[PDB]
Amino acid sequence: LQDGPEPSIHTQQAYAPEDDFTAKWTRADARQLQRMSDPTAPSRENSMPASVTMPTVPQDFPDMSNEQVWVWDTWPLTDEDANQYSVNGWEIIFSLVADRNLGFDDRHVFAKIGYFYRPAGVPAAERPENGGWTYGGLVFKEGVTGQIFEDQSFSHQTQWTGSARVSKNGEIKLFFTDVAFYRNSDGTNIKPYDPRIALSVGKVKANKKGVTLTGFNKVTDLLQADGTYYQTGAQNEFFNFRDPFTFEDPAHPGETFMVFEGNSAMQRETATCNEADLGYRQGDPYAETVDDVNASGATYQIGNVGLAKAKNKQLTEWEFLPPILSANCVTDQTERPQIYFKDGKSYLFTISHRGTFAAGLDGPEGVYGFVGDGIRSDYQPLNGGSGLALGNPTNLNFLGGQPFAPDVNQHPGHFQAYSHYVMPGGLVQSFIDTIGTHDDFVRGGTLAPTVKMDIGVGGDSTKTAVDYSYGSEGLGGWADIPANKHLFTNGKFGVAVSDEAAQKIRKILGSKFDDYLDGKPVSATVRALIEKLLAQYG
């Protein structure tokens, strides 16, 4: 470690979900990122430690849709424990997609949700190089998602990132960010954009030929920024509010929660930070003062992670709770939060950009993570108090550049991955933004290879380490989003089954089972036979 401030003291102690306690990712904590960087690291080489750095993705990569669409933020079908699902023999994922004719950086304001599917139960050695995914098309019919907005004057209307909860009958509750924009030809705002957390219910139809979705005809407006906990358009027209992830906390059975990205609810140009945001230990010769930080420009970076609680079992109404993490004077963007449970801990994982860090701070693109003894706790930022769990290869000694303009001295993998999502067993999937150098670089718009991050190394819950023996030197399969639970369902009855049971069921039963799963009527005798067999494994 290079000389610099000690990290902030955190206890990991749990509070009630309803308590007004918000953990801080402090300036002291984040300055550990500079301390971890090797200052000797020569041009275009990685300066961050290998154990918290994503293995390098090759610039020669396959495209998952054969270039039919641009693909980025992607998510599996999940249950309340974040297990990932196949339905009737098909792994299914949702992704943000855009018309491949657009410049990659114009994707955001024309984003739509589509889906991919592939056979479940295929060993890695038998899977196609590109992941073996088939593009299923768009989820929503034209015009459906605009229905929640009173002001229909929008210039752009998009579907942004969320999650998808699957029920045993193959019903899906798709949580997503429904966004209306109001812009001039030149890209400037008329009035503030309007991002909302929404739900649409639909259903999987799956047979031998493939997967189609029904429903997704109605959208329920669930949440919009409030102004007390989560910043609004009036407080800051470029406020962040997006990315719903729902789950059950083992410590609170029978409730459903949601994390999402917000911003601390301060008036943009009146925002300030205070001592706690800084978090320096008494006496530290590297401590900063509140006045200095308030001077620096850092008060414009006030990202947080929110919590909400469902007010019914249908998940159609929610209540805001106080934020669980704030990054005031640290970063603008604590994106795509999820809660991951392991060894009796709550791990909050989030992603952030290099560019969004406050003045005086810096770090790689990628996964930042926090650990604690509850979903609301005094979270301990992982790995030396830094927060860094999985950064893209980065020379922190040189400028970051941008995915559309790489710096001459920067690692060509600086923007190789984004919208990372942690899957069961610490497997991390992400999409490729840019790979290459100043004058020879390519855009991705397809998923990277899945990698493996071991969480809680050496008995120490605050430490993570990349497993470089996974796949081919740390790189697993292209777009590998594997299911660990397997639904069989006729659309009414269903069971969720393990990998091994899925295999045995598919082999034992015959074509009447294929009819059953396709929703065709069968005799009561044949049905009871099928369903009694299933029930043994659910």
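One rule holds for the numbers: they count along the sequence shown, beginning at 1.
Remark: stretch with higher mean C-alpha B factor among 24-32 and 508-516 is 508-516.
As the entry records it, the average C-alpha temperature factor is higher for 151-159, out of 151-159 and 123-131.
When the C-alpha B-factors of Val144, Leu199, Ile339, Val97 are read from the PDB record, the largest value belongs to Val144. Across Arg281, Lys173, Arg354, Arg242, the entry's maximum B-factor at the CA atom is seen for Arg281. Per the deposited record, the Cα B-factor of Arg376 falls in the lowest third when ranked against the other modelled residues of its chain.
Residue-level temperature factors show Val69 in the lowest third of its chain, judged at the C-alpha atom.
Among all modelled residues in this chain, the alpha-carbon of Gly344 has a temperature factor (C-alpha) in the middle third. In this PDB entry, the Cα temperature factor of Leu487 sits in the middle third of its chain's modelled residues.
Ranked by C-alpha B-factor against the other modelled residues of its chain, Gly476 falls in the lowest third.
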